2 protein chains.
Amino acid sequence: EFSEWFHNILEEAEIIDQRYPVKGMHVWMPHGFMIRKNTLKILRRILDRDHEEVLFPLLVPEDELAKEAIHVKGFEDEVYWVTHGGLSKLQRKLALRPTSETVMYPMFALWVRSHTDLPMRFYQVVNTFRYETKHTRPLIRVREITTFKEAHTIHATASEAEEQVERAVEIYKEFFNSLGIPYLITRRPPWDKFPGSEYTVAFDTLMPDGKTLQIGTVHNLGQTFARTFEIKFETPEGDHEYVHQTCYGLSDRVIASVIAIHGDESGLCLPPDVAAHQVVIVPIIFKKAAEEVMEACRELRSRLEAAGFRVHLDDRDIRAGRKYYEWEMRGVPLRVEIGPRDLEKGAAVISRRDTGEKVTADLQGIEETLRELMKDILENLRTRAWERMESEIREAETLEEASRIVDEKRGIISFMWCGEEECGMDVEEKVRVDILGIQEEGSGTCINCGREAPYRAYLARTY
Amino acid sequence: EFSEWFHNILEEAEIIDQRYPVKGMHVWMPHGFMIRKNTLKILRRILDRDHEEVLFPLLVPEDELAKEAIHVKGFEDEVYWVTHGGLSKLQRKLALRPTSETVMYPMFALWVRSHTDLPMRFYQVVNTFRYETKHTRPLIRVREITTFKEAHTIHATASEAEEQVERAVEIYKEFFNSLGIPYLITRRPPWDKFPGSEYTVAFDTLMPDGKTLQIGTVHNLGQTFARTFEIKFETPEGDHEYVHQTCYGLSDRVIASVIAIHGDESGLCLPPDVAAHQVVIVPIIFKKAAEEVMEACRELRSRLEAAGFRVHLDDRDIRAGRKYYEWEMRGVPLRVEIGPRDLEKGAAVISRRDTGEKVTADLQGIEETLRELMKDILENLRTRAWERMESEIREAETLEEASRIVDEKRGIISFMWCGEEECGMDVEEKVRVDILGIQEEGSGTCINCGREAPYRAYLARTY
Ligand SMILES: Nc1ncnc2c1ncn2[C@@H]1O[C@H](COS(=O)(=O)NC(=O)[C@@H]2CCCN2)[C@@H](O)[C@H]1O
Ligand SMILES: Nc1ncnc2c1ncn2[C@@H]1O[C@H](COS(=O)(=O)NC(=O)[C@@H]2CCCN2)[C@@H](O)[C@H]1O
Ligand SMILES: [Mg+2]
Ligand SMILES: [Mg+2]
Ligand SMILES: [Zn+2]
Ligand SMILES: [Zn+2]
């Protein structure tokens, strides 16, 4: 039911057009692009506090790409290769970046010299490529990840590195909270960690179809890559030690989930700071004081722009009903309606998208009424969102109880686990599900093998 | 002399790092990225008035790419090809986009139905690829054009199309004028026009090395592509005619020239709206009322941010001289210095980057003093820039006189020309130069064959 809803809203709201001749690569239409634009603004505002945006190349040569042991093995047959330059065969294959470690790190080897240079914190929003699962999924599983934000950091000590992982996690919480997106943070099993890292911390959110979606990962690379690409630095004494690195990223999935999580029957419902417009003004007219209703709306439009609002005056010549539907299915948070009556009173009608509540405010200070309203809509959407998720995270003591709950209610399954490879794999097979990750807490007994369970683990069916 | 200057400033100012293992593909370092960021802001501000930003795929399949006659022949051996997906050979080659006509147009065939749909005006800033001339030139001739802005439009009548070409030209003038970049607008010879178009209008600017650089092109595609990709629309009567299209674009060259044209011995000199910082505050201190000088600067920083300034307080512990040099070689327009004296008077020292003029203003309204100063710096830079260029456009009546002037003074060569293929090619060979384009004006006699010259043509040695 969700799948269809999703696909339809993507088309109706004109977010992306999937009709491109190459499976797994979609086009961002104007509206979609605007949402992507605002989502990225929120993100960069956070990231730019302590990160320096850069922009590295798209292509990587075998020499560099395969310089890693596990990492190269992790994307082995998942990389696209350019082999010819025109009609001639390049004397060195070039791979489209799946992620940029092998692109930036050799460059980092150069940029890093003294401890005075560290720490360095960079990030970029580029397009990456990954040849994967025949099942192509709009903004969730694409071949061309059009909005891949990857951040990479460099530190002097393993200590600061771990500290960074913490900082990153806080950055994502803030990012997500701004989008009103709920999430579960866990430590992925050592066999799922980013190829070559020490460990991976992942953020998973819940889709309306009871399935889980990885919406962000942070990885502690320790000195593994440092040694691979020779990234050393001079200590205050005069020694040469390898740097400690971390990296983390998000993709178009962040946009997928904002659309999905605050979904609706009316269409899109987005956080005010993400919508293409925060306030759409709809003038009501039937050839009665029209010239006055209009000039009232225009005055308002201008007035709102000057206050810093992404406003749009819909003065098209169509029934106000159709207008309501359109801006509503597109996710505009606030609709301001003005007609002869209200007008001849110094007031208007403000309608919420998340609730539907129409209220009456005085155009004589409406600017502040709207801001409050916007703050209110996010909190509500964020709240509702969290309730809906937590109410789907269910505990299980029996491996059988799990299978029942998963199959019948979907959602997330909380449980105690020993944290062993074989035991974990066994759990997944028997339940046909994936172990998202762990959360260190008080002991217990592994839901499967009954041995001592040091971890609180989560389980669910993912994307 | 310029070449070296350029390469050195790119490194010293940390704009791009060219040390990437793949020739023709550079890395945008933090500082460079910021300039690129601001340059694009200026551009988008103009473009977003009547254009809708989108984002299409990077890869195009042979089927689509080769669907054109001349266009495919124009980029034939200039395209990079991905042939394998992992370790398996794709059953359909995919080419990295050199430009996106063959990527968007088939999609346009779908988006366009009724005349009610037209006109459509789109644009995107993506990365394109072109396998060309062994001579790789930073921001001027790269294999990965990291800042390729391409706009494509669709119209109902050939009339509006030409009208669009005019609109585009005005948009670029405004863009460039904002960057204080001078330019010559001409109609490229029909053998140099964009592959498949009706005609190409180009913007060329002059580099400090007396060479010309194409910094922008507008193309009128007529209905050539419309017919190739079947982009028809329903007329108000009920007929189905092919649409009239145009497209235009800029590249990293725009950034190259902003750096080059307002070059300097001290380093970079940029228009206030392009620099990473518009105002850098440098506090002068020698352990005398320090705590007061500092709190005075901080108050100022905050105060400027609130006014909308991209300000930076350099409170590092180093000699104010070194600071002056740094922010000066980086191109910051205004330096505000504060010391015990000036401070105990309610004033500070404001230094210009373009001139060097240091003045004294009252911190009690400095905000407005700076804005004026910024407006002044652009006008000066823009002016100086225009003088320098026009003073290098020299007329020639003799094909020999041309060779003398070109070889001795470089620059642009104005002349009357018949506008014939053979005659033009002959001119180029004999003078070892390129005919930039024409400008319809009063007749005369072709500098070469003495026949009737309908056009005013320009000549120069280009990049
Ligand atoms: N095919 C895909 N389509 C859409 N989104 C996808 C796809 N693959 C990964 N993602 C999303 O991207 C996030 C980061 O990817 S990752 O986990 O492989 N991690 C990395 O690539 C690290 C972190 C950034 C630089 N290197 C993941 O957390 C996930 O949200
Ligand atoms: N290798 C290159 N490196 C850097 N800049 C380059 C390169 N090739 C072209 N340019 C610059 O890009 C501008 C547009 O390119 S063009 O003239 O081929 N025109 C086009 O590609 C049309 C117009 C946009 C969509 N299709 C050109 O006007 C020029 O400024
Ligand atoms: Mg698994
Ligand atoms: Mg030529
Ligand atoms: Zn167990
Ligand atoms: Zn002639």
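Residues numbered from 1 in each chain as written, not as in the entry; some residues may be left out. Chains lettered and ligands numbered in written order. Heavy atoms only, no water.

Deposited coordinates in this entry are attributed by the record to X-ray crystallography, at a stated resolution of 2.80 Å.

Q: So what about the site of ligand 1? Which residues, and what values?
A: Residue and element names in this part refer to chain A. Ligand 1 sits among 22 residues. The nearest are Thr99, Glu101, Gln214, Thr217 and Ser251. For ligand 1, a nitrogen atom lies 3.4 Å from a polar atom in the backbone of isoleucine 140. Here a nitrogen atom of ligand 1 sits 2.7 Å away from a polar atom, N or O, in the side chain of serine 251. Contact with the protein chains removes 95% of the 610 Å² of surface that ligand 1 exposes when unbound. With five residues, the single largest contributor to the shell around ligand 1 is strand β11 (residues 212-222). Class assignment of the residues belonging to the shell around ligand 1 gives a composition of eight nonpolar, eight polar and six charged. (Near = heavy atom within 4 Å. Polar contact = N/O pair within 3.5 Å; in protein donor to acceptor, adjacent residues only side chain to side chain. Areas by Shrake-Rupley, 256 points an atom, 1.4 Å probe, with all protein chains shown as cover. Helix = DSSP H or I, 4+ residues; strand = E, 2+ residues; numbered from the N terminus. Nonpolar A, V, L, I, M, F, W, Y, C, P; charged D, E, K, R; others polar.)

Q: How would you explain the site of ligand 2 if you had to name every residue and give the values?
A: Residue and element names in this part refer to chain B. Around ligand 2 sit 22 residues, and of these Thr99, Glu101, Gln214, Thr217 and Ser251 come closest. At 2.6 Å from a nitrogen atom of ligand 2 is found a side-chain nitrogen or oxygen belonging to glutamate 101. One of the side-chain N or O atoms of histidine 219 is found 3.2 Å from a nitrogen atom in ligand 2. Alone, ligand 2 offers 600 Å² of accessible surface; in the complex the protein occludes 96% of this. At the level of elements, β8 (144-155), β11 (212-222) and β14 (244-250) are the ones that each hand at least two residues to the shell around ligand 2. Top contributing element to the shell around ligand 2 by residue count: β11, with five residues.

Q: Before we move on, can you summarise the UniProt feature "binding site: ATP" in chain A with the specific residues and values?
A: All names here are of chain A. Within this numbering scheme, the UniProt entry marks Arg130, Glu132, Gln214, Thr217 and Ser251 as carrying the feature "binding site: ATP". Positionally, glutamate 132 belongs in the loop between β7 (120-129) and β8 (144-155). Among all residues touching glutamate 132, those that are not within four sequence positions of it are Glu78, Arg141 and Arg143. By relative accessible area, which is 17% here, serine 251 ends up buried. Contacts of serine 251, omitting those with residues within four sequence positions, involve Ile145, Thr147 and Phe148. (UniProt positions renumbered as here; feature names shortened; annotations may be inferred. Contact = heavy atoms within 4.5 Å. Buried < 20%, exposed > 50% of the residue type's maximum accessible area, 1.4 Å probe, protein only.)

Q: Give me the packing of helix α9 (residues 290-307) of chain B against helix α12 (residues 366-390) of chain B: which residues, what numbers.
A: Residues and elements named next belong to chain B. Orientation of α9 relative to α12, taken along the N-to-C sense of each, is 60 degrees, at an axis distance of 10 Å. In this view, α9 runs oblique relative to α12, as classed from their interaxial angle. The interaxial crossing formed by α9 with α12 has right-handed handedness. Across from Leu300, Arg303, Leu304 and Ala307 in α9, the residues of α12 making contact are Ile366, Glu367, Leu370 and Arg371. Within the contact of α9 with α12, the residues separate by chemical class into five nonpolar, no polar and three charged. (Axes fitted to C-alpha atoms, helices over the stretch in contact; angles between N-to-C directions. Parallel < 35°, antiparallel > 145°, perpendicular 65-115°, else oblique. Left-handed = near helix turned anticlockwise from the far one by under 90°.)

Q: Which residues make up the packing of aromatic side chains, and what values go with them?
A: Residues and elements named next belong to chain A. On inspection of all chains with the given rule, the structure shows 42 aromatic pairs over all chains. With a centroid separation of 5.4 Å and 35 degrees between ring planes, the pair formed by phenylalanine 2 and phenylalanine 6 is classed as tilted. One end of the pair is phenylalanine 2 and the other is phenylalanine 6, both in helix α1 (residues 2-12) and four residues apart, which spans about a single turn. The pair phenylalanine 2 / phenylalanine 6 is uniform in exposure class, with both members buried. The rings of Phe56, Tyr105, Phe108, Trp111, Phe122, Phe225 and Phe229 are connected pair by pair, giving a single aromatic cluster. When the ring centre of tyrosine 324 is taken as reference, the NZ or CZ atom of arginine 335 above it lies at 3.6 Å. (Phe/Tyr/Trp six-rings, centres within 6.5 Å; stacked < 30°, edge-to-face > 60°. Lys NZ or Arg CZ within 6 Å of the ring centre and 35° of its normal.)

Q: I'd like a rundown of the interface of chain A and chain B, residues and numbers included.
A: Taken together, the contact pairs 55 residues of chain A with 55 residues of chain B. Taking both partners together, chain A and chain B bury about 4400 Å²; carbon and sulfur atoms supply 65% of that area. Applying the counting rule to chain A against chain B returns two salt bridges. Close ionic contact of B:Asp48 with A:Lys37 constitutes a salt bridge, the shortest N to O distance being 3.4 Å. For the interface between chain A and chain B, the tally reads 23 residue pairs in polar contact. By residue number, the principal contributor to the side of chain A that touches chain B is strand β5 (residues 80-85) of chain A, which donates six residues. (Buried area = accessible area lost by both parts, 1.4 Å probe. Salt bridge = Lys/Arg side-chain N within 4 Å of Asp/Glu carboxyl O.)

Q: Quick rundown of the sheet that holds strand β6 (residues 88-96) of chain A? Include the residues and the values.
A: The six strands lie next to each other as β4(A)-β6(A)-β5(A)-β5(B)-β6(B)-β4(B), forming an open sheet whose pairing is antiparallel. At either margin of the open sheet sits one strand with a lone partner, and together these are β4 (59-61) of chain A together with β4 (59-61) of chain B. For this sheet, the mean angle separating the axes of adjacent strands, direction not counted, is 45 degrees. The pairing of β5(A) with strand β5 (residues 80-85) of chain B spans five bridges and is antiparallel. Note on β5(B): the bridge partner recorded for A:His84 is B:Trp81. (Pairing = 2+ DSSP bridges.)

Q: Got a sec to walk through the sheet that holds strand β21 (residues 358-362) of chain A? Specific residues and values, please.
A: All names here are of chain A. The strand order across the open sheet formed by five strands is β17-β16-β19-β20-β21, and the pairing between neighbours is mixed. Of all the strands in the sheet, just β17 (311-313) and β21 have a single pairing partner and so form its edges. Direction aside, the axes of adjacent strands within the sheet are offset by 25 degrees on average. As judged from the four bridges shared by strand β19 (residues 334-338) and strand β20 (residues 347-352), these two strands associate in the antiparallel manner. Across the sheet, the residue bridging to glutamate 337 is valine 349, located in β20. Helix α10 (residues 320-329) rests against β16 (279-283), β17, β19 and β21 of the sheet, and its axis sits at about 175 degrees to β16.

Q: Explain the domain arrangement of chain A residue by residue, including any values.
A: All names here are of chain A. What the domain assignment lists for chain A is domain 1 (1-271), domain 2 (272-375) and domain 3 (393-462). Using C-alpha coordinates to define each centre, domain 1 is positioned 28 Å away from domain 3. Each side of the interface is counted separately: domain 1 has 14 residues, and domain 3 has 17 residues. Summed over both sides, the interface of domain 1 with domain 3 buries roughly 1300 Å², with 61% coming from carbon and sulfur. When the buried area of domain 1 at its contact with domain 3 is split by residue, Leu184, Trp191 and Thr212 rank highest and sum to 43% of it. For the interface between domain 1 and domain 3, the tally reads one salt bridge. In this structure, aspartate 434 and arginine 188 form a salt bridge, with 3.5 Å as the shortest nitrogen-oxygen distance. Between domain 1 and domain 3 we count eight residue pairs in polar contact in total. Contributing elements (two or more residues each) for the side of domain 1 that touches domain 3: β9 (184-187) and β10 (199-206). Top element by residues in the side of domain 1 that touches domain 3 is β9. It accounts for four residues. For the side of domain 1 that touches domain 3, a count of residues per class yields five nonpolar, three polar and six charged. (Domains from an automatic or database assignment.)

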